[PDB]
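Each remark here refers to the structure printed beneath this line.
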Amino acid sequence: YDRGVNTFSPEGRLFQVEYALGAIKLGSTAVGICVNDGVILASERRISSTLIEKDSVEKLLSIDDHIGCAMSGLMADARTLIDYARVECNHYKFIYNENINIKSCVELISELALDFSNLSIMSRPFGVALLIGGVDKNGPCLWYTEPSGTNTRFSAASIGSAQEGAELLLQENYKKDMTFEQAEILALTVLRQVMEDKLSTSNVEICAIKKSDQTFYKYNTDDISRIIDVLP
Amino acid sequence: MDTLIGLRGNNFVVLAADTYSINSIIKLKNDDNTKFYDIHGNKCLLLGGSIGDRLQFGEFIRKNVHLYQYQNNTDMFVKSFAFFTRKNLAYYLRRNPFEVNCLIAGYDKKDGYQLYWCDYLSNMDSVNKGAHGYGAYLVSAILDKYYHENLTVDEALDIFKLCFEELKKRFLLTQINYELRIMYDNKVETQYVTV
Amino acid sequence: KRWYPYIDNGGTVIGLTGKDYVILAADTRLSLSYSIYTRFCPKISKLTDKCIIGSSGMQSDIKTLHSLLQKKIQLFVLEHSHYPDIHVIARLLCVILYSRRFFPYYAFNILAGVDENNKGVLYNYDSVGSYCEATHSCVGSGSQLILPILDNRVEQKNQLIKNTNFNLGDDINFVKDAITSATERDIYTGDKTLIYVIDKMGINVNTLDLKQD
Amino acid sequence: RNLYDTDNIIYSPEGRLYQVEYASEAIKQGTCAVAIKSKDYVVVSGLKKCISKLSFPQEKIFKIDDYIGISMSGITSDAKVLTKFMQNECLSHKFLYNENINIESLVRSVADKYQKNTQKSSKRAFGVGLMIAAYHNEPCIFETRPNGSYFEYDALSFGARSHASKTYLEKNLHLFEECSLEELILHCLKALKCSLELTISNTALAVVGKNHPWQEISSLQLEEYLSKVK
Amino acid sequence: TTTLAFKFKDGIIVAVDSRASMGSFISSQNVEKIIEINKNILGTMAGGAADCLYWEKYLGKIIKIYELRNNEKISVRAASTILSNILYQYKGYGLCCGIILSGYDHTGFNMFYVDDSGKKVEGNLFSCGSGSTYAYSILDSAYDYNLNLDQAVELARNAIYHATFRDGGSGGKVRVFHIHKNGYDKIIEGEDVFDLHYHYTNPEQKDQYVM
Amino acid sequence: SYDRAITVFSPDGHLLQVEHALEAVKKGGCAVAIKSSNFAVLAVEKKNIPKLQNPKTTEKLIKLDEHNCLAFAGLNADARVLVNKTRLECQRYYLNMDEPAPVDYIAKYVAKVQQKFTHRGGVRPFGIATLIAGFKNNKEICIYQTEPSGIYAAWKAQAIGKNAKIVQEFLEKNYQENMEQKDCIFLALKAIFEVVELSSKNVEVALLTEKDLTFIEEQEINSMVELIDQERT
Amino acid sequence: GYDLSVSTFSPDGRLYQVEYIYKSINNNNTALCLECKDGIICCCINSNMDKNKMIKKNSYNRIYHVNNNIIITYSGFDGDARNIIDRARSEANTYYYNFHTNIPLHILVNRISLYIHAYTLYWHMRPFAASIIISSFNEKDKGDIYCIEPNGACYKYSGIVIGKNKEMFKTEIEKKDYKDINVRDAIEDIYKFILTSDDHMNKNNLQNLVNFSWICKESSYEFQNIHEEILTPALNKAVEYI
Amino acid sequence: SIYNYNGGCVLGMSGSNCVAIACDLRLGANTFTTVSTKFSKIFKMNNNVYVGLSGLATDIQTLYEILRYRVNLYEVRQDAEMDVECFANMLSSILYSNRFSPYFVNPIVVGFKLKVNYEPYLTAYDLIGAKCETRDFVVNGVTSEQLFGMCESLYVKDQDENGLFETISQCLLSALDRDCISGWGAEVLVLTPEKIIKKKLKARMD
Amino acid sequence: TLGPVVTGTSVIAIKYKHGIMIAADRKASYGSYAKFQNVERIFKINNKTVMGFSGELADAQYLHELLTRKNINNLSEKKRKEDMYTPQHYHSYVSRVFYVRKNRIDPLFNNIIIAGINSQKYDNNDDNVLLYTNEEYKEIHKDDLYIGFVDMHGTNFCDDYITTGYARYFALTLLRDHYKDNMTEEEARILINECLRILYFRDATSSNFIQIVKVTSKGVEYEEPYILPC
Ligand SMILES: O=C(NCc1nc(-c2ccc(C(F)(F)F)cc2)cs1)[C@H]1CCCN(C(=O)CO[C@H]2CCCNC2)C1
């Protein structure tokens with residue numbers, strides 16, 4: 001209305017990024033867990049209709065062969081960010097002939113965010129939270145980025161509507177030493193507790209990047225069926 | 001090197017070309033398909049010259065005419081198509097020329113069957129008969145001799161057989177394989193003639 | 001007359017890999033036509049503690065290219081928080097050289113290093129950025145003299161009785177013999193040679209005097 | 001003041017630029033950082049922000065050049081832009097010439113970059129304050145501000161709860177000049193501790209000085225120093 | 001240089017020599033002239049090694065971005081079109097490329113010849129480089145679609161051998177790769193063609209062979 | 001406003017300009033798209049003044065290229081310019097790839113353009129929603145629905161425009177996966193006539209196959225309208 | 001409402017933004033230039049930094065120079081003044097590139113005045129908040145001192161003061177004619193005037209909060225900052241007098 | 001040599017209350033191959049303004065399209081026919097706008113200036129718009145020397161329409177019979193203030 | 001500049017015990033025409049840096065103007081004597097200028113010598129610099145002295161002695177034979193005079209009217225120009 005996009009609040013906070021931080025609270029809940037064997041990203045898919053093609057809406061995407069990501073907030077803005085991330089990761093691979101570090105990909109993603117500030121072109125903040133998981137030379141890792149441009153590495157993290165309860169459950173149940181299978185069980189139990197559904201196949205989406213192939217793997221019905229049967 | 005031939009009568013138009021893909025001294029193919037560019041709505045652009053220039057210009061013209069016809073939901077007239085092709089060829093003439101020779105054939109209800117001869121300098125005119133390439137020198141007079149306005153399509157194909165046989169007998173490049181587009185009676189037909 | 005922007009300043013750079021080491025020896029003479037600017041101008045530049053680059057051609061282009069590669073490697077270290085190995089630096093050098101495809105650096109390059117798996121590696125480069133890995137290489141004025149010698153010693157293709165068991169000391173002495181032969185037969189090679197040995201402990205430099213005529 | 005704080009090019013009736021002041025106000029919410037020096041060394045310490053139990057600490061200090069490092073307080077994206085600018089300037093000076101950049105020239109260029117964003121209505125001041133530690137013929141500590149000013153200090157600190165650190169530095173400034181490196185590190189860590197316990201995770205600590213490129217102190221040495229402080 | 005590719009009953013055979021030269025001098029005999037564009041597409045090099053290597057890597061980057069965006073494996077036709085347009089955009093700046101792109105996609109096995117002049121030609125049999133005519137003559141003499149994999153590999157090896165025997169620009173080692181529906185296999189990773197002369201042409205080895 | 005940010009975040013985190021574009025969509029004519037084994041049916045409301053307005057001139061069912069078609073709901077002129085941009089991109093893809101544009105690529109591009117217009121200074125958002133029916137590279141048929149925000153999703157059957165929710169809940173209770181052609185046009189017609197007045201002049205229905213998009217002749221629409229009159233009494 | 005843009009005149013024919021800039025400058029640190037018999041002496045009193053104790057000794061210096069023979073100082077914001085001084089150095093560089101001689105002082109003053117004035121014309125540019133003194137001295141021409149105001153006005157003086165407490169400094173400086181007093185004798189008078197005028201300044205912060213420079217015969221008519229050996233007896237005599 | 005590629009020639013002549021323009025109908029290729037025998041080089045701009053464009057055929061078509069565009073915009077803006085002298089000056093300016101990359105064309109303009117009095121108007125051009133107005137006749141093309149000789153010998157002042165037609169036709173045909181790269185039919189337009197007579201001559205086809 | 005029209009001949013610079021001695025005759029030739037015979041070809045950059053040229057005079061004057069403004073801008077930013085740019089800094093700057101112009105195919109038709117004293121630890125001449133107005137010489141280590149060469153292609157290096165033009169054959173042979181470290185002023189003068197004598201006899205573009213310039217602890221001293229003895 002009256003304040004420009006670059007206006008500072010009296011507290012020293014940009015109005016637009018503060019407002020964009022309300023958009024990330026909306027959306028479907030997702031969780032990421034990092035352990036020594038690899039990183040898992042789980043997500044709920046709130047399917048609005050039976051007529052929608054379920055695989056057409058993707059909450060978990062692959063920024064690269066070794067990078068997965070879960071998005072929350074405005075989905076179109078999220079897809080814009082992930083497309084930019086894919087382009088720049090492939091540019092890094094072409095220029096250097098190696099897989100990009102997860103931190104570098106997160107940093108360039110957060111550099112595209114806040115491009116509207118025009119410090120040195122987008123018009124506004126992106127209003128997107130991303131949990132970017134991956135496996136680089138320094139092992140598996142998970143990062144969290146938000147419209148303010150801050151990046152934060154996490155052992156375990158959550159995004160979306162039920163971020164608070166998900167992070168509470170993760171804080172209670174996460175350990176640094178748990179195995180990959182226990183990490184999958186923890187992720188699906190957190191999603192079970194925060195969801196309002198019976199947690200069937202074609203109700204959650206699961207992906208993982210392990211330290212055996214360092215390759216993005218999108219799960220299928222057999223894998224969610226296995227982990228669900230393993231759940232207590 | 002790419003022999004193109006065109007013959008227009010009252011009830012048809014026929015285009016023909018050798019089917020050889022040349023790379024230095026070797027024929028890459030004897031069944032080349034980078035010369036004819038069939039456009040939607042009874043239209044054909046037969047291109048000669050360099051294969052890369054042929055591909056670039058032919059696809060450029062094809063994608064522009066298709067964009068026109070889908071944007072406007074009508075079939076572009078053959079005269080408009082021919083003069084658009086000439087205009088675009090002449091636009092690039094003084095900036096990175098397309099070294100391509102063109103026969104532009106089509107059918108309209110407004111103007112009937114139509115043939116246009118156009119060279120690499122974008123010098124264009126409507127013709128009843130025309131030819132391009134070195135082989136033009138060996139076929140044009142045949143087209144002059146046996147043509148008449150009331151030709152049937154079969155008689156035109158016999159004339160093209162005479163042209164192909166002369167190109168085999170006398171031309172330095174003993175061109176044996178030919179492809180033909182026959183536009184008549186609101187249908188477009190493809191034929192392949194050996195020898 | 002139009003001014004020609006390229007000059008060959010002469011001199012040789014020889015490279016030879018081992019199993020877990022690599023030797024790169026370069027002469028230090030700097031010349032123009034049949035005169036000598038100076039008898040000491042190093043052609044080999046350190047890039048990382050397990051990677052160096054030597055070059056032969058125009059000295060201004062060589063110096064600018066080596067400084068550019070060093071600058072981009074420091075930028076890489078600051079941005080991505082790890083030193084790039086020889087293969088990353090090799091692709092980077094290829095991209096940098098091809099970025100001036102239509103006005104190339106007047107330099108032929110040898111990138112020598114020890115990779116993460118403790119394997120000696122050489123990459124050889126023409127001006128425009130085409131490059132390949134090799135077990136032995138030579139660039140500069142005397143390269144046509146020395147490449148047959150390296151072929152005969154290393155590969156032994158035309159020898160039924162093959163002695164393919166080499167160690168670091170014999171390789172160093174053989175590289176000294178090779179650069180000595182290049183000095184004998186190439187006018188642009190002489191004065192002094194700097195021999196870099198890269199192995200597990202890192203880079204070590206040694207000097208050998210050569211003929212000054 | 002609601003009329004005059006709306007655009008960054010408007011002076012208030014008291015001759016104040018309120019948007020630049022708000023950019024400065026953004027700096028006090030950052031975590032505390034401290035920098036001191038002796039005759040030979042500059043020691044920088046900082047509190048790494050940790051936003052939750054499962055988080056890792058936010059990085060507080062960054063290497064610019066072999067004898068130049070920084071710490072930041074405020075909006076971290078602005079700090080990243082300034083960090084990349086400074087690193088590029090240092091490497092460009094090392095590329096064109098064969099010498100280290102002059103620290104005063106680098107700080108002036110950063111301050112010019114700060115000021116150029118205060119002039120146009122289509123730009124905002126960088127909402128971040130940098131402390132710049134270097135050794136260029138002597139230990140040196142600089143500070144930059146959103147308004148395009150800069151200053152040089154014998155000792156510096158800013159961020160959240162930096163007033164206690166400033167009081168400790170005011171008391172103990174006369175000792176730092178003759179302090180050895182170990183005593184200097186202990187003094188900087190104590191000044192940081194006044195702002196609060198400290199931990200190897202949550203404590204950034206780096207040194208630069210004579211015959212000593214910029215180096216973050218290792219976790220084991222940091223553990224020894226934190227044990228000595230307690 | 002000599003590169004060739006041909007389609008046959010069990011997919012595509014690709015074959016190359018490994019010589020790189022600067023005028024009369026042989027700069028290398030270990031050059032890798034077959035590049036994995038992706039898991040299902042291979043690309044050859046003939047002419048300017050710098051341009052071929054750089055633009056085939058660039059094509060690989062574009063194909064990676066396309067596949068990641070669309071969740072689909074690109075066709076050989078689309079990759080060939082992208083490469084031909086990229087090379088045509090630099091018409092007149094002296095790029096020198098002769099490339100055979102061959103692979104498997106949802107439309108089956110495909111093979112395209114593309115050069116620096118914007119050329120793009122679909123076929124079942126191509127050869128490029130200074131020894132291309134010799135490989136063409138050998139292949140056209142002996143090519144049959146129903147060759148087995150061993151027969152096709154042996155034919156490719158023989159064609160490369162005769163090209164290296166006649167052409168001064170070709171030599172070193174012969175490599176022969178086989179593209180099938182689920183990737184490609186290096187059937188002959190590298191074989192010194194010194195042995196192939198004393199296999200095919202002069203098996204007795206009791207005197208200098210007289211051409 | 002050459003480059004002024006028109007779309008900005010409200011204090012609650014919403015983008016109000018996108019919401020107003022959605023309101024503009026809600027005022028537009030209703031469109032419905034239904035998928036089948038190897039064909040789709042698209043039906044659009046049309047309102048014209050009888051005896052004065054030329055009914056041919058207003059095409060809300062549009063052929064984008066060889067194999068893709070588009071329905072829309074919202075501002076007509078915005079629809080025209082975006083559709084022309086989409087046609088240009090279709091032919092640009094077919095130039096650069098030598099294969100026709102897949103439907104998923106076209107839907108992604110339309111969503112990208114809409115998102116871009118929500119995120120660039122000095123441009124208003126597109127006040128339209130679209131239903132894009134077409135064929136994938138593997139010849140599977142698909143329908144993609146896109147919103148003013150730039151969000152898109154693929155649907156078995158979907159409706160956009162005014163009173164789209166009632167048509168959606170109808171299609172949920174009446175869509176039966178693979179269907180013959182006649183029952184598919186019948187489902188589309190009754191679904192759109194839940195909200196639209198029941199007459200043949202108030203609907204335009206077309207069927208997309210691999211070969212072409214064919215508009216159903218008005219006699220069939222008249223007969224099916226009479227049948228729908230019959231079943232309601 | 002009329003005071004929200006520099007590019008709007010108020011009903012009584014005034015630009016309020018420039019007046020607010022004047023108010024900003026009058027609250028900032030004091031600067032003065034004074035023509036003397038053998039030179040010009042420039043002095044910047046940074047009384048605002050009396051609070052900050054950890055600032056390095058004599059690091060903050062508002063006195064700069066152009067061509068090693070023109071002093072340039074300011075009162076106002078540091079960044080804006082650095083922008084103006086960079087423009088002055090650029091103008092000197094361009095003038096020497098064109099003509100191979102140094103820029104005359106009045107030409108430089110006019111060009112910098114136009115540069116300052118241009119930012120008071122448009123609705124999107126912040127006007128510079130700084131008053132700029134530019135001065136020089138020569139053996140033949142004696143001293144030329146100019147003060148450029150934030151509105152673009154430039155005026156020549158024999159002595160000038162800007163910033164905080166400038167009225168008291170002007171009153172004390174006006175008590176006697178300095179064109180027949182040398183700079184070395186003038187330093188004591190400047191220290192006495194600072195002690196009597198600025199209440200924050202005292203004996204214990206004169207040595208580290210005041211920048212001094214001059215151009216006179218002793219400096220060969222070129223820029224120099226006063227050494228501690230010349231400053232210390234002068235401030236000691238001023239403190240003993242006071 | 002660029003003008004020899006297609007060949008071609010245009011002529012114009014004046015009489016009393018009448019004017020005439022004429023041209024050959026050949027489109028040649030590479031200076032010797034005839035590829036069309038109906039390529040008319042005369043173009044109607046309006047009822048009192050005609051232009052004869054000889055030279056390279058692509059530039060003939062391009063210039064005719066530009067002139068048609070400009071004339072149609074002028075006439076629709078002003079709601080009146082363009083004056084022949086205004087058109088001639090416009091053609092000069094258009095040809096000079098491409099001075100360093102000229103259209104390889106040598107136009108003539110033939111028409112009636114209106115004053116109602118219908119005065120004949122003839123002018124000839126070079127490729128960059130240098131124009132010369134004449135009262136008797138104008139010539140351009142590769143056959144310019146032969147046309148100049150024929151018109152100098154045979155031109156008769158103030159002929160009627162029939163005499164003008166016979167004189168211009170004989171001039172054109174005799175000039176074309178001595179030129180290899182022009183001929184293959186001849187178009188002759190005779191304008192009078194009430195009508196136009198278009199004729200095709202029984203010309204040589206060599 | 002397409003090519004040379006007004007040309008300066010050789011320049012010879014050497015290190016000796018008190019600093020740099022650089023010599024050049026004062027002739028500029030218009031082809032075979034000795035049009036100008038009192039030209040200055042050794043330019044002062046700063047108190048510890050001088051520049052000499054061989055080749056086209058216009059390009060050399062342009063470079064001299066560039067280095068003059070570079071020195072003035074350096075002085076404007078100076079706060080201590082260590083901030084003054086060294087001869088190697090100017091050598092790198094000139095090499096970069098020549099390299100970029102070579103890349104543009106717009107070369108300066110010159111060979112340039114940049115010579116001087118790298119170290120500030122021998123005098124306090126830079127504490128109070130005088131641009132418009134001008135004890136025993138201190139012995140200076142050769143490591144603290146700098147002489148650097150640049151050519152048209154940007155080929156740049158340094159040595160204990162440098163020659164340009166015809167001196168690269170005549171003077172440089174005698175220098176490589178007879179040069180020794182830590183020569184006195186008299187020995188350096190005698191060697192330079194011998195080199196210039198040979199050049200005067202064998203270089204047609206050379207003159208016997210010499211300009212000598214000395215860079216020492218007391219700055220840059222332009223000797224009174226003299227005719228070659230004997
Ligand atoms: O071949 C030689 N060495 C081994 C090398 N192999 C390569 C190389 C080989 C294959 C490939 C690829 F195809 F697999 F990609 C890529 C690169 C570059 S170098 C020397 C033979 C004589 C000529 N020569 C010189 O250096 C002469 O000096 C130059 C210096 C600068 C310019 N003026 C003359 C190189």
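Both counts, for ligands and for their atoms, begin at 1 and track the order of listing. Keep in mind that the numbers below use all heavy atoms, side chains included, and drop hydrogens, waters and symmetry copies. All chains are named by letter (A, B, ...) in the order of the sequence lines, taking the proteins before the strands, and each is independently numbered beginning at 1.
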Q. Between E/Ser27 and ligand 1, is there a nitrogen or oxygen pair with a distance under 3.5 Å?
A. yes
Q: Flag C/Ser130 as yes when one of its N or O atoms lies below 3.5 Å from any N or O atom of ligand 1, and as no otherwise.
A: no
Q: Determine whether more than 12 heavy atoms belonging to other residues, nucleotides or ligands lie under 6.0 Å from atom CZ of C/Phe102.
A: yes
Hey, do the aromatic rings of [X] and [Y] have their centres closer than 6.0 Å?
| X | Y | answer |
| --- | --- | --- |
| C/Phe76 | A/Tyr96 | yes |
| C/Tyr37 | I/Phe157 | yes |
| C/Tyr6 | I/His153 | no |

Q. Do the numbers put C/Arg153 on top of the ring of C/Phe174, so that NZ or CZ is under 6.0 Å from the six-membered ring centre and no more than 45° off the axis?
A. yes
Q | Ring-face cation of E/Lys57 near E/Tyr54 (centre distance under 6.0 Å, axis angle within 45°) | A | no
**Q.** Qualifying residue, where the test is side-chain contact (heavy atoms from CB on, under 4.5 Å) with C/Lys46 and the options are C/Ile203, C/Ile53, C/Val205
**A.** C/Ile203
What atoms of ligand 1 come closer than 4.0 angstrom to any heavy atom of [X]?
| X | answer |
| --- | --- |
| C/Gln144 | 22 (C) |
| C/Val139 | 19 (S), 26 (O) |
| C/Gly140 | 25 (C), 26 (O), 27 (C), 28 (O) |
| E/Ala20 | 10 (C), 13 (F) |
| C/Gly57 | 31 (C) |
| C/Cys132 | 9 (C), 10 (C), 11 (C), 14 (F), 16 (C) |
| E/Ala49 | 13 (F) |
| C/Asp126 | 18 (C) |

Q: Please check if the side chain of E/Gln29 supplies one atom and the backbone of E/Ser18 the other of a donor-acceptor pair under 3.5 Å.
A: no
Q.
Going by the closest heavy atom to atom 15 (F) of ligand 1, which one wins out of C/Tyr105, C/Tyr125, C/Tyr188, C/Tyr131?
A. C/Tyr131
**Q.** Protein residue, atom and distance nearest to atom 34 (C) of ligand 1, heavy-atom basis
**A.** C/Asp8 OD2, 3.6 Å
(Q) Checking a contact table here: which protein heavy atom is nearest atom 31 (C) of ligand 1, and how many Å away? (A) C/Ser56 O, 3.2 Å
**Q.** Non-hydrogen atom of C/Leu147 closer than 4.0 Å to ligand 1
**A.** yes
(Q) Test of understanding: given a 4.0 Å heavy-atom threshold, classify the contact between C/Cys138 and ligand 1 as side chain, backbone, both, or neither. (A) backbone
**Q.** ligand 1 contact on C/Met58 by region, counting heavy-atom pairs under 4.0 Å
**A.** neither
